[PDB]
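**Q**
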Amino acid sequence: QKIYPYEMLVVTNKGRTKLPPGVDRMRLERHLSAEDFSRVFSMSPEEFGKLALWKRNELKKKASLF
Amino acid sequence: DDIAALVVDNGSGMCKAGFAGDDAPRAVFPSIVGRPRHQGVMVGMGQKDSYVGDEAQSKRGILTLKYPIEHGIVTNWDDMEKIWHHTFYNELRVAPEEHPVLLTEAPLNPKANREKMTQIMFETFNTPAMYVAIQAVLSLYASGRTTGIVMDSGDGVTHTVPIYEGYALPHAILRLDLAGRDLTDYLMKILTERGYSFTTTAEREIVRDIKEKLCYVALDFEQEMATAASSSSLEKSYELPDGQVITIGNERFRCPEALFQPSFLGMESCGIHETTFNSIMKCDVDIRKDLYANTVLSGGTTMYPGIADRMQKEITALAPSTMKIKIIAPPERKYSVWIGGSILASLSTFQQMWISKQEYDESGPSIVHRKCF
Amino acid sequence: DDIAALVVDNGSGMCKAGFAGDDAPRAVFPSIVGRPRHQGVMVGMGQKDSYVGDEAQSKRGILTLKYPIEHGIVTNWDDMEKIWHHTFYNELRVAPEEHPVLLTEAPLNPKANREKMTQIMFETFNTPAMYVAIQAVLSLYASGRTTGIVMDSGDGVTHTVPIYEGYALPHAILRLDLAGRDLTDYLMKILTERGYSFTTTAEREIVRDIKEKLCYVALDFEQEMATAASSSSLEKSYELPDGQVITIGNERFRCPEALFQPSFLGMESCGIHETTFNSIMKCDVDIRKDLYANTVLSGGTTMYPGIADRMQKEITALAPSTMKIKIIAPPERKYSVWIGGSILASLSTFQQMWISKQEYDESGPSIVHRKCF
Amino acid sequence: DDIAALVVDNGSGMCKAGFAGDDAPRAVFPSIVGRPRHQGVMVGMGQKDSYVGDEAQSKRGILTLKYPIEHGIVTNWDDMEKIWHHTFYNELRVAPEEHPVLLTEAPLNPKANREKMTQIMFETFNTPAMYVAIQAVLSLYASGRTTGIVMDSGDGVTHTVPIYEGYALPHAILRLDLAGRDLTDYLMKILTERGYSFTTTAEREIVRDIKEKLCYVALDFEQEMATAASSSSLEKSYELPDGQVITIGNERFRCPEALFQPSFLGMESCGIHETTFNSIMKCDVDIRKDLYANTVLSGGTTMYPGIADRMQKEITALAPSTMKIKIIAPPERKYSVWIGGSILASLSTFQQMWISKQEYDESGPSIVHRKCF
Amino acid sequence: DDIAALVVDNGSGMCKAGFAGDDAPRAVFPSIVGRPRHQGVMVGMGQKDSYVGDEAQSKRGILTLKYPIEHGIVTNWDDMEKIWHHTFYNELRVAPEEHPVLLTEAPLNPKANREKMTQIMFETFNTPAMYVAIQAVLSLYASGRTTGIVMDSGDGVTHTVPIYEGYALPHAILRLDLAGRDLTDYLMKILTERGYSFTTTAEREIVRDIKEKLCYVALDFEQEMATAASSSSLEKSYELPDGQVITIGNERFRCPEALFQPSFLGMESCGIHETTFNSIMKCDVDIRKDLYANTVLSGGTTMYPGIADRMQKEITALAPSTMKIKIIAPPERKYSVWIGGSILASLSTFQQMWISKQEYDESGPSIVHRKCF
Amino acid sequence: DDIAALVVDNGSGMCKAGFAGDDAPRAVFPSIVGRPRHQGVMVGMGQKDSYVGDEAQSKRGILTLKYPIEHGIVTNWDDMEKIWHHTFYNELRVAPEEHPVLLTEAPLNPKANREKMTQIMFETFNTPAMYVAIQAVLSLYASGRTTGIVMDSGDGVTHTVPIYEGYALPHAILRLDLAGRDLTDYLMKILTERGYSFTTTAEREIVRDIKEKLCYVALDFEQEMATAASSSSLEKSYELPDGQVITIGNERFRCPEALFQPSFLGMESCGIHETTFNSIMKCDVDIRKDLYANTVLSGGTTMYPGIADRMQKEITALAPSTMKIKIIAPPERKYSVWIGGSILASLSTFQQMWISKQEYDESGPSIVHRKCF
Ligand SMILES: Nc1ncnc2c1ncn2[C@@H]1O[C@H](COP(=O)(O)OP(=O)(O)O)[C@@H](O)[C@H]1O
Ligand SMILES: Nc1ncnc2c1ncn2[C@@H]1O[C@H](COP(=O)(O)OP(=O)(O)O)[C@@H](O)[C@H]1O
Ligand SMILES: Nc1ncnc2c1ncn2[C@@H]1O[C@H](COP(=O)(O)OP(=O)(O)O)[C@@H](O)[C@H]1O
Ligand SMILES: Nc1ncnc2c1ncn2[C@@H]1O[C@H](COP(=O)(O)OP(=O)(O)O)[C@@H](O)[C@H]1O
């Protein structure tokens, strides 16, 4: 239930920094709050739940959370 | 009246040189010969036919670069003569006719290479004496132990030799033609997937630098592949001399994996770990336990991170689980062969092992087969 | 019952489309997108936003011409949906959602090209099934033999690949970047010597027409230069669309000669004959004899007169003299990449290797990397 | 729509106004403002300050005549308001505030011309909508085609403009200051040769009336000089208002040769055929084949007999022999600039391109450049 | 010492001649030949067939002025002989039969121009030696640096060449036909829009003087247009030779902007900054870094105030942000193409590169391609 | 007795098969199993899991070849089953259920091999009867005499047995693991000195072909080296399958004599002649005369030229001089192990010694130890 702002969790390979402690690299979008999540992806966590794995990963890549 | 004998290591990629009895080589420079490929329009400047060494690397943008040695065998002899002359007169500043010289070569080679080296070095450079040694024996000398198995992988050739109590076994010597040049070519072939195009020799040098800086050996290949496909932690950014920034990503560990599985390059041969195991198992049954405990790595190709753990794990998987496997990789392994030369020419008895000019005048260039292992 | 699967050949210079069982392609047209540079002045005439295909070729004066494909890689995609929509709905008059689609691509390409092609063909056009194939593999299907090495030289790239007994060797595939567009640019550069200037994109089609009409490959380059400098027998006259007459003269065999000596454009890479020979020597020993006897030419760039004899002479000079080399050049090689593709859509065993729609739905656009090739 | 727009062409010599959708202009009258002479019998004139139109033309004996248009440029604006007031109230007898107004303008004119024209119209006539068009596009509209080169030759200026499929080429528009007024002045200068003298503006109108009825263009200048010097077959007689008869003879075809040889007037520029050829050659190399076949003549100056054959011969001499040249000379070309305007106000699309009262009200007089070409 | 050679720069706008070794040319005069237009009524006044050079500027009223050079190519050779005779015998008073001659030529042009120039100076002038060199190579001699990219812009030709360490790249040489005369014609076409009319060849010199005195390059275009529209602080007054006063204003910076946006003239080609960037990116990857920091401006056309800042801003926008851009603009760059030539004839190693009279006698006019670049 | 028993001799190198009572075998083919190693991209080409026999050697380019038998021991059994199926059904077209079979193996072999051979022959192929014999005994049968010593040298093992009047002495049976495969490996090792490199399995087959074609045994070794080093009188040229020509030269007599001196290969065992001498001394005293006079050779390894004279010289040097030495080498020794086996199947007595299916079901697979030898 870690809560963090949006573009600091955006990981850029240019910077190689700005990583928070004690977060799993695998799944970063869970820690985003619901209203920030709805800002970023324009869709609820439920219907994000039905989405396929490749489509979800493409959504991460678009939002630069991959 | 002690004169320091010159020790010159002429590898496939880079050439090193120094004096006997020292700790580190004085001269280290790439063995690259460059030639111009464009039109010269400024009359007034000096004309230079060939660029040798680092001077070829500094102005590589207008040159075709050629290696005089590939796969451990030299082909263009004039370029090799230019490399030797630049080593003797510009990097060490010594008279070649005063000091003896010591050279290195691969274990299995065409027979004419030693004879041509001997003929060139007594005729063109007029040296008083010389000797030709095998790089793996010098690596074992620099390791400081009498017994062990030496796996030396340079820029052009890989070879494994076993030695027990100073007695080398010639029938268990294994030579494999896998080295860093094939890894660079494979990195060229796999960097096209991301959309980056590298085609000329300057691009070859850039790709070689990329491989040197941002490559590592995976401990588990399938685990690393799944992790790299699932997320984007394994990504690094390198910017070219032009200024464009490229991202490698997955290709960091796929290129070093060609050493362990040569099926990626199309070769049917076994990996380096199975090559070492087959070289060990070809020896006698009694001396295998000592060869497990004294495995020595050498060469710059074994400079990748995580190579020792993967080698130890693979050999432990191959070997029976009663004998205890130790891998010995010194941090300064890249120069270790040359360091062996600094011991070999410093021994008291080795002064009776030189190939004198008089014996050359008796027996032609074929004395090197009788006097060198 | 069974429904025919239309095959679409996407090329840098020309795009072709047809049905599975047809002898010849249904429609062939250049892959050009035109946009009006000027400003419309007439009220009520109506204006068209973009010109796609042959119409854009007709109104060369008032348009700027853009190629969506450069060097075999799709640079602009909106032009590619424009071209595919014009292919499906205008040149064929067929609904694309009831037929399978077969596409061709270069051997060494970025994977994003394949994923984007699959994603556009599935999400937008609603194709039930589609497949991606290499062009020079289809060249052997058009030829009718199961063993040989293929030259495929189009307008974007020039790739050679050997296949022996139906098995392809991925490590011997070579992709030279020299193609017909570079020859067009070189013809533009060498036509400035006589005084004729061609600058705009609308004149590139005129230069291409001059190249197609009055160019040939010399058997002996220096002899032909001496003959051209001696007399004026080999001089031809071309008529421009607006009425002037130009005399090409010497340059006719100096445009495609750059295919065999790429140092004219400043490229370091070897010629096409040396590329074929190096692709041969990268294979194994036992299959080179069959590969010399089955060299197959393909692509429009190999439509110059006398290229087969020059290639045969150069390969015979390079190869050992004890065995014979024949260059197999069918008179309809320009459509061979299409024709074999049609043969790929007619076999009964090809039905279950189509990429199903629900397979794409469950596995993403990366299914092309594991289903095709 | 029952509401009919007005089409007004304000030429340098004559103004032609009418209703939209008609084949012929309803009112045609010269644009001449006559002011009282400084001396003698102004008694017949009453309260009125000046005369405009045909009544100024009838009473030439007591008036000095002034043209408000100088080379297509408005120098006096009060005279233009008088001309427009006379047009709107003494010819059509319709209120300007109920009907939209369409106006014409030469291509290369100052920006202040359109802004001042729109400002005067909107301020002093309260028209709900108005538009400014270019003359030669209207001529091409009246011709019925959307591709060709238009040469307009009015009473103040000559201009050539090409159009390809409705896209005008602003970089190929050519403007030459050679028209009927300079020809009238040259005819006056060469009529001194016989003995007749004209200086007064009324005598300017007399010379213009002579030119409009007796001049023609020679096919061959030297041949016509020889046949005029050989015999008196070409002489014709004109009757002056004062009752005596003059004979022109030789110089009836010497007046229009200033159109093809402007060195007679002393100016530097070239003839109309050279101007048309240079306007054609300034276009792209691809569209010229259309522009040679669709040459369109216009203007009142081009009504001399034999102009079409002479111009066709000159352009055929200039152009390459392969091309086919055809000159389109309609018999109604004198009103063509009006006629196409009657077409342009009739189209349904043009109803969306009027300049409304509100748009002028917020945007000032600068809306013309943004809304019109 | 040896005889100092004559450096002659045949620029399209001006011809500049001087002895080698000096820091400034001794004779600078426009390359204009004028011929009489009207007739000479006076008897005994003396007759002159043509006025060459500066005297043609003295009497512009009664002449037709022609340039023997247009777009860097010689169109009339009798005028060139007159120009060269006036240069040698009048402006310098030197015997050309005892002096070598250095000439300056555009990079890409018709090839027969060099042969004709060689024939002219070995037949008519009987010079003992002659050499021909490219403009930008002499410019980069005058800059003082061996490595850099040179952009030159005169009255007929703009061209960019890269040179790295004295080695030129022929495939990266770029040529554009947008130059000073096109800017003068555009200035005439845009000054027509304010009501001022310039038509004759004499007024082209006045328009060129107006451009040289009252034109500058805006750092930001649309901001400058908004500033010029909002206030009247950018207006400037110019005095005509006959006493009239005109106002330029907004047209001060629109004429040079056509150098950066060639769509104003109707050209399709890119600007000078895009041309320089494209010429840089055509080079190899390693030599680009030294080329981005050594950009050299040359030629008269780049004398506009504020062109260096605009060029630096555009190139920095196109270039990657990691690297820095240096624009080298000497304050005396207009004669730079001459000054480096004065360097080239002063080198001791250049004397072996002269084309001898005997060499020309042996090989005819075709020798100049073998000796010169 | 009416039926004919099958005779199958399946050594490590070759597999031969035929019917009883025939002088020659019916099928002779190499005992290799090949698997494809490359990606196959062809639709409808057909798929073959494995290649067995001559068709495996015909396609060595795209195959990896494995020998099912190493040193006379069956390492892999599925490949051996495939070979037996191909021999029974494809090379003979016979039903295995209708005939008995006879199989050969080396004398000193693990009995698990014999038990597994018995189990495979009975359980899968359902043969009614089967016998297992010793190769050298069948060779002595083929020689035609009862008393003699047989030194058989196959491709996997070399064994010597004495027989006196049909009585076998098991304590004098000698076995060495030195055979033709070791000689092939040594030839590959010594071919590196001249520059020829052979690594993969197809290259191994090429090297074996070279060994079969150009090898001979010298009578005197050091004299042969002196002759080969003094002049080039002993050299031969071999043509590679890809057209290259190699020169074997001095190595011709170095490969085959490693049987006589195993110290070249690192093994400490004695030569074959000393093996035969020690086997003779391991027998009794009075039976040494007949063993001296009845020495025979067998196997393809004894097919080298001049081996018989050298063996006779070494034996008569080792043996006392007073006795007679015969070395009997039939010209068809290569099939002798087969031939005598057919004779063994032609006897009326021996077919009381078949291992019946009833006996196998009665006593398991271990009956072959009591029944055979
Ligand atoms: N730190 C490193 N990491 C990875 N690879 C390296 C490193 N240093 C050198 N190499 C590789 O090793 C090669 C140099 O090997 P080297 O020891 O010079 O061989 P030799 O001396 O036998 O020619 C280079 O081609 C390079 O690719
Ligand atoms: N029938 C005719 N024959 C010869 N010239 C004529 C004839 N009618 C008119 N013109 C010339 O045309 C001129 C009128 O041109 P006009 O059409 O009014 O120009 P604009 O196109 O600007 O209205 C007159 O000056 C006259 O010289
Ligand atoms: N002070 C100046 N300000 C602006 N433009 C100038 C100036 N001096 C020269 N020019 C431009 O440069 C041109 C002269 O270039 P020039 O060096 O004579 O060309 P070339 O290199 O062909 O001799 C003129 O046409 C003019 O437009
Ligand atoms: N004519 C020959 N000359 C030299 N060597 C031969 C000849 N024929 C066969 N050989 C060698 O003998 C081997 C074949 O032995 P073979 O008798 O077939 O073994 P097996 O006893 O298993 O049947 C081959 O590997 C080959 O190298």
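Protein chains in written order, with the UniProt record's numbering: chain A, 340 to 405; chain B, 3 to 375; chain C, 3 to 375; chain D, 3 to 375; chain E, 3 to 375; chain F, 3 to 375.
Positions of the beta carbon are idealized from the N, C-alpha and C atoms, including for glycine.
#1: For ligand 1, any of its heavy atoms closer than 7 Å to the Cβ of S14 (chain B)?
#2: Compute every distance between the C-beta of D157 (chain E) and the non-hydrogen atoms of ligand 3, then say whether any falls below 7 Å.
#3: Just to confirm, is the Cβ distance from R116 (chain E) to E125 (chain E) under 8 Å?
#4: Taking only beta-carbon positions, decide if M44 (chain F) is within less than 8 Å of chain C.
#5: Taking a contact to mean a Cβ-Cβ separation below 8 Å, would you say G158 (chain C) touches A181 (chain C) in this structure?
#6: Taking the alpha-carbon positions, what's the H173 (chain D) to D179 (chain D) distance?
#7: To be precise: take each residue of the region 59-76 of chain F, compare its Cβ to all Cβ atoms of chain B, and keep it if any distance is under 9 Å. Which residues remain?
#8: May I ask you to report which of helix, strand or coil DSSP gives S358 (chain B)?
#9: Whole-angstrom Cβ separation of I317 (chain E) and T278 (chain E), contact assumed at under 8 Å?
#10: Taking the beta carbon of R372 (chain F) as the centre, do at least 16 other beta carbons fall within 10 Å, making it buried, or is it exposed?
#11: Starting from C257 (chain E), follow the alpha helix (DSSP H) in both directions and report where the run begins and ends.
#12: Are there 16 or more other CB atoms within 10 angstroms of the CB of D286 (chain B), so buried, or fewer, so exposed?
#13: Assuming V103 (chain D) and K84 (chain D) are in contact, meaning their beta carbons sit under 8 Å apart, how far apart are those beta carbons, in whole angstroms?
#14: Can you tell which of E:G342, E:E72 and E:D51 has its C-alpha closest to the C-alpha of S33 (chain E)?
#15: Spell out a yes or no on whether the region 197-214 of chain B and the region 231-239 of chain B are touching, meaning 3 or more CB-CB pairs, one atom from each, closer than 8 Å.
#16: Establish whether the CB of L267 (chain B) and some CB of chain C are separated by less than 8 Å.
#17: Is it the case that the region 290-297 of chain D contacts the region 320-335 of chain D, given that we only count it when at least three CB pairs across the two stretches are under 8 Å?
#18: Please tell me whether, using a cut-off of 7 Å, the distance from the CB of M82 (chain D) to the nearest non-hydrogen atom of ligand 2 is below it.
#19: What is the residue span of the alpha helix (DSSP H) that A19 (chain E) lies within?
#20: Can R177 (chain F) be considered in contact with ligand 4, in the sense that its beta carbon sits closer than 7 Å to one or more heavy atoms?
#21: Do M190 (chain F) and ligand 4 come close, with the Cβ less than 7 Å from some heavy atom?
#22: Return helix, strand or coil for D222 (chain F), following the three-state DSSP convention.
**A** According to the structure shown:
#1: yes
#2: yes
#3: no
#4: yes
#5: yes
#6: 18 Å
#7: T66
#8: strand
#9: 6 Å
#10: exposed
#11: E253 to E259
#12: exposed
#13: About 17 Å separates the two Cβ atoms, so there is no contact after all.
#14: E:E72
#15: no
#16: yes
#17: yes
#18: no
#19: That residue, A19 (chain E), is in no alpha helix (DSSP H); its beta strand (DSSP E) goes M16 to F21.
#20: no
#21: no
#22: coil
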